[PDB]
Ligand SMILES: Nc1ncnc2c1ncn2[C@@H]1O[C@H](COP(=O)(O)OP(=O)(O)O)[C@@H](O)[C@H]1O
Ligand SMILES: [Zn+2]
Ligand SMILES: [Zn+2]
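Residue numbers (the deposited numbering), protein chains in the order written: chain C, 33 to 277; chain K, 201 to 276; chain J, 101 to 173; chain H, 230 to 258, 281 to 310; chain G, 107 to 580.
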């Protein structure tokens with residue numbers, strides 16, 4: 033139904049997703065509608081729906097940047113939901129990526145972002161990546177803060193704060209937390225045990241209310257050092273999306 | 201015509217009179233509603249010593265107009 | 101009749117005095133009540149130090165009004 | 230002068246009285284000094300007392 | 107909150123937090139290494155270095171530097187935690203809702219909601235460092251009140267905060283004007299109804315905020331003239347005797363709790379109000395030098411749950427007893443004996459208050475440097491609540507003060523006679539002027555580049571009516 037197939041969008045816009053007419057009819061969506069798209073690792077974004085009949089029924093087209101943000105690859109499935117209660121961004125504070133701004137003279141904002149958002153109404157969410165192609169250069173950016181939170185539409189009157197120091201790229205990669213089950217192999221049994229002992233108490237509390245038991249609290253993992261206990265715990269916590277501490 | 205009048209202390213009241221009508225009429229109205237002899241009533245607006253012998257026409261004063269009241273005795 | 105007076109200590113007193121007697125009578129009332137002679141006290145209302153030669157009617161002191169007291173020998 | 234322990238607000242509140250009562254503090258059916288123990292001297296909010304008997308420096 | 111809390115505080119705090127305060131050091135003669143690379147003595151000195159302070163005669167560590175110390179001590183980046191907030195104000199009120207199985211406090215209490223023993227110890231960070239008076243007239247007139255009358259005084263002081271380079275990441279409170287509430291002053295003390303005083307101060311504070319000021323402390327005089335022919339006063343307050351009696355400390359703590367300092371690094375978002383209290387008593391000589399103090403954070407949170415009261419001994423604060431709705435645990439004040447050993451002495455009967463204070467340093471701006479005074483005033487129109495003296499604000503005073511200059515011109519003279527605090531407040535109370543008219547009045551009186559604004563003011567109708575009534579009044 034809403035599990036639209038992922039495809040490489042022809043356009044490079046960071047807030048546009050092309051869908052087939054049949055799917056548009058199935059979900060009652062329409063061209064220009066802003067919808068919430070969720071992929072993998074609970075990643076979410078807001079995209080403007082556009083009708084495009086070239087795609088096969090049940091397939092949607094998104095660009096490289098959106099796929100990277102959602103942490104999903106081509107051929108995956110994305111769930112699309114209505115996003116009617118999105119307000120216009122009162123103030124968006126954004127800083128560029130240092131490596132992408134090397135050798136840029138003059139005001140970066142006026143050169144690149146000033147025409148990108150004006151008369152665009154692009155919905156932006158915190159932690160997303162958007163890329164602007166200006167002149168002979170292409171620069172990626174980050175949505176550091178959006179008011180109202182956590183996401184909003186960048187209107188013409190929206191105030192954009194580009195002041196701030198460059199953001200290093202290495203932070204995102206070398207700090208590669210939010211690691212899913214795809215980074216762990218050969219320990220499916222213990223991973224399943226931890227999942228059944230952690231996720232269900234948190235993700236579906238009503239089960240134990242219906243049965244009427246107090247779920248167990250403590251869990252003690254042990255084994256030889258260097259077997260990835262910390263990695264397993266981190267992966268489970270990130271997959272659950274809970275307040276890991 | 202609707203008008204506002206504020207006393208020395210700050211009490212504010214609303215009165216009605218025709219613009220072309222002489223300000224003497226408004227002074228007499230205020231007096232009769234507060235027993236203030238005409239001489240005891242001095243009306244001020246934009247630093248002007250308003251006097252009974254005129255109307256609101258000559259002072260370019262219309263509806264929604266605010267005036268101040270003072271006693272000619274020695275001050276407030 | 102009913103008047104209010106801000107004292108020197110910083111409080112307000114409600115005094116009963118008819119509006120048809122000289123302010124000198126009010127001064128006598130206050131000074132007798134608290135014992136501070138009126139030979140030095142002065143009254144203040146609307147920035148108009150009230151001269152002792154006139155009564156309440158001249159100023160048309162409305163009921164439940166308010167004045168201030170100051171000291172000057 | 231009188232402001233050395235015996236003035237205004239020292240007679241409204243019996244500071245000497247408090248000190249003497251603390252001295253002879255018993256069921257039992281003037282001078283003010285600091286030879287003894289303190290006794291709870293409580294005043295309502297908005298009152299400051301500067302009338303404590305002065306002490307002067309070591310000289 | 108997955109990171110730092112989001113909240114807005116003063117600009118001074120923001121700019122301070124921007125900096126780092128690292129104190130550079132050069133190659134010591136004790137280093138053994140090449141030019142590059144630093145061993146242990148060439149490393150930059152942290153802003154909170156205790157040795158540097160006591161070597162420079164600085165007694166407390168400039169709270170912002172304390173925040174830097176706490177952030178460095180913990181909160182590793184990118185891992186290790188989820189940002190446990192570093193600062194938290196003390197709270198001694200017993201949790202009325204704990205319920206391990208026990209009932210509320212009055213009839214039941216477990217070992218988890220029992221206020222543990224409180225260990226008093228002299229504070230080390232002073233929120234506000236240097237209290238600075240723009241013009242000596244501000245306090246000279248205040249003392250002049252006592253000079254004429256002989257009774258004591260008390261007044262709140264308005265102003266604003268700013269940086270203070272002389273101390274690592276330090277703050278100064280610049281006081282622009284003093285406002286006197288209605289008090290029933292006496293010889294040995296003073297009295298003022300709290301309710302009426304706060305009611306008046308609410309609107310006075312609103313107007314001051316409209317002017318850009320803010321309430322940053324209270325100043326009172328403890329002055330008693332000696333028998334000397336010239337002006338000499340006994341020094342009742344020094345190391346031998348008390349600095350601030352128990353009652354003054356209690357009042358300062360109440361005021362501090364009633365003006366919280368909004369901060370971004372606490373669970374509640376506020377911590378250790380910036381509210382300096384100053385006292386005038388006279389140094390060992392006959393001078394009338396002033397001082398400054400600020401009650402420590404514990405005393406701030408120790409008096410919210412009652413637990414302290416004044417005592418007949420000036421330098422000691424009496425302790426209350428237990429009862430329903432008020433649980434008071436044992437109090438230990440920890441000092442250091444002459445042999446350099448910390449000693450805990452139980453003080454239920456009474457304890458000195460010197461463990462509930464932190465000292466500041468008063469001063470005046472250099473008399474040959476830039477003058478950014480908002481008000482060239484403090485010698486003119488009588489101040490607000492000086493009814494006891496001959497002073498009395500009224501129409502004839504305004505006529506005698508600002509009629510000859512107003513009727514002729516001298517826009518420089520008009521400006522210098524129009525930027526007075528109390529005069530502005532009084533004419534505002536007059537209500538002769540409209541809202542935006544008064545806004546332009548204040549913008550002309552309390553700002554530079556004031557030509558066109560004053561011209562607009564005079565050109566207005568309200569000012570014309572005001573001068574007309576002034577002329578009418580004797
Ligand atoms: N599937 C995996 N199973 C075990 N170790 C893994 C796996 N994937 C990666 N590793 C590596 O094994 C190490 C696991 O470290 P770990 O033993 O969890 O540390 P700790 O001592 O904190 O428990 C890391 O170097 C990690 O990169
Ligand atoms: Zn070295
Ligand atoms: Zn409990």
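Don't be surprised by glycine CBs; every beta carbon is placed ideally from N, CA and C.
If you measure between the beta carbons of residue i and residue j, is that distance less than 7 Å?
i, j, result
"residue 267 of chain G", "residue 235 of chain G", "no"
"residue 110 of chain C", "residue 71 of chain C", "yes"
"residue 489 of chain G", "residue 528 of chain G", "yes"
"residue 205 of chain G", "residue 214 of chain G", "no"
"residue 272 of chain C", "residue 231 of chain C", "yes"
"residue 526 of chain G", "residue 487 of chain G", "yes"
"residue 224 of chain K", "residue 258 of chain K", "no"
"residue 302 of chain H", "residue 239 of chain H", "yes"
"residue 411 of chain G", "residue 142 of chain G", "no"
"residue 112 of chain C", "residue 69 of chain C", "yes"
"residue 239 of chain G", "residue 303 of chain G", "no"
"residue 246 of chain C", "residue 184 of chain C", "no"
"residue 82 of chain C", "residue 50 of chain C", "yes"
"residue 198 of chain C", "residue 130 of chain C", "yes"
"residue 275 of chain K", "residue 580 of chain G", "yes"
"residue 229 of chain G", "residue 464 of chain G", "yes"
"residue 211 of chain G", "residue 202 of chain G", "yes"
"residue 113 of chain J", "residue 105 of chain J", "yes"
For ligand 1, any of its heavy atoms closer than 6 Å to the Cβ of residue i?
i, result
"residue 458 of chain G", "no"
"residue 137 of chain C", "no"
"residue 258 of chain C", "yes"
"residue 217 of chain C", "yes"
"residue 114 of chain G", "no"
"residue 262 of chain C", "yes"
Drop a sphere of 10 angstroms on the beta-carbon of residue i, count the other beta-carbons inside from all chains shown, and report buried for 16 or more, exposed for fewer.
i, result
"residue 148 of chain J", "buried"
"residue 578 of chain G", "buried"
"residue 102 of chain J", "exposed"
"residue 166 of chain G", "buried"
"residue 445 of chain G", "exposed"
"residue 248 of chain H", "buried"
"residue 241 of chain H", "exposed"
Can you tell me whether residue i sits near ligand 3, meaning its C-beta is under 6 Å from at least one heavy atom of the ligand?
i, result
"residue 34 of chain C", "no"
"residue 218 of chain G", "yes"
"residue 162 of chain G", "no"
"residue 206 of chain G", "yes"
Taking 6 Å as the cut-off, is the C-beta of residue i nearer than that to any heavy atom in ligand 4?
i, result
"residue 202 of chain G", "In terms of ligand content, the structure shown lacks ligand 4 and carries ligand 1, ligand 2 and ligand 3 instead."
Sorry if obvious, but does the Cβ on residue i come closer than 6 Å to a heavy atom of ligand 2?
i, result
"residue 614 of chain G", "Since the displayed chain G opens at 107 and closes at 580, residue 614 of chain G lies outside it and no answer follows."
"residue 384 of chain G", "no"
"residue 137 of chain G", "yes"
Look at the alpha carbon of residue i and the alpha carbon of residue j, and state the distance between them as a whole number of angstroms.
i, j, result
"residue 177 of chain C", "residue 102 of chain C", "18 Å"
"residue 196 of chain G", "residue 117 of chain C", "42 Å"
"residue 245 of chain H", "residue 416 of chain G", "15 Å"
"residue 190 of chain C", "residue 402 of chain G", "45 Å"
"residue 137 of chain G", "residue 131 of chain G", "12 Å"
"residue 551 of chain G", "residue 494 of chain G", "29 Å"
"residue 105 of chain C", "residue 186 of chain C", "27 Å"
"residue 295 of chain H", "residue 236 of chain H", "19 Å"
"residue 270 of chain K", "residue 239 of chain K", "10 Å"
"residue 145 of chain J", "residue 115 of chain J", "15 Å"
"residue 508 of chain G", "residue 330 of chain G", "36 Å"
"residue 228 of chain K", "residue 235 of chain K", "9 Å"
"residue 170 of chain C", "residue 202 of chain C", "19 Å"
"residue 249 of chain G", "residue 553 of chain G", "28 Å"
"residue 335 of chain G", "residue 325 of chain G", "27 Å"
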